[PDB]
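Student: here are the coordinates; sequence isn't available:
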């Protein structure tokens, strides 16, 4: 039972030291003014993506325009007053963002 084995237990969501504000271990969370459907971006957003050579058809969930990277939790990271999502990568300091999923920080 999780002392000489990892088969009897199955709690991947339970973490040792679960800090109140949930975040992604895949990287910092992002606070985007609006996450845009990467399936069908606006031509204006598609434009930026084209500038950066991003593949729209390769895109997954959402993108994020003018997004703020939340890497330092607390002052700054937990100071997101906009929409908070979990993105896989970031471009243009936040002007365009990729692989964004709506994260429930819990607070």
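Tutor: Cool, the structure landed. Residues are numbered from 1 along each chain as shown.
Student: only C-alpha atoms for contact and neighbour calcs from this point on.
Tutor: OK.
Student: Next, give phi and psi for the spatially most central residue of the chain.
Tutor: In the chain, the residue lying closest to the centroid (C-alpha atoms, centre = their mean) is residue 86, at 1.4 Å. Here is the backbone geometry of residue 86 (degrees, to the nearest 10): phi -110, psi 110.
Student: again with residue 79
Tutor: Torsion angles, degrees, to the nearest 10, at residue 79: phi -110, psi 20.
Student: For it, give me its contacts.
Tutor: Residues counted as contacts of residue 79 (C-alpha atoms under 8 Å, 6 or more residues apart in numbering): none.
Student: before we move on, what about residue 71?
Tutor: Counted by C-alpha under 8 Å, 6+ apart, residue 71 has contacts 27-29, 77.
Student: For residue 77, which non-adjacent residue is spatially closest?
Tutor: Spatially, and ignoring its direct neighbours in sequence, residue 77 is nearest to residue 70 (4.0 Å; C-alpha to C-alpha, 6 or more residues apart in numbering).
Student: What ranges does the protein have for its helices?
Tutor: Per DSSP state H, the chain carries helices over the ranges 43-51.
Student: Please go through it and pick out the longest strand.
Tutor: strand 96-102 (DSSP state E).
Student: In this structure, mark out all the strands, start to finish.
Tutor: 29-32, 34-37, 62-65, 68-70, 83-86, 89-91, 96-102.
Student: if you compare these, which one is most tucked away?
Tutor: Among the strands of the chain, strand 29-32 has the highest mean neighbour count (mean count of other C-alpha atoms under 10 Å), at a mean of 28.
Student: quick one on the thing from earlier: now distance to residue 4 too, for the strands of the chain, in CSV please.
Tutor: As requested, these are exported to CSV (distance: least, C-alpha to C-alpha, whole Å):
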stretch, distance to residue 4
strand 29-32, 34
strand 34-37, 44
strand 62-65, 41
strand 68-70, 37
strand 83-86, 34
strand 89-91, 37
strand 96-102, 36
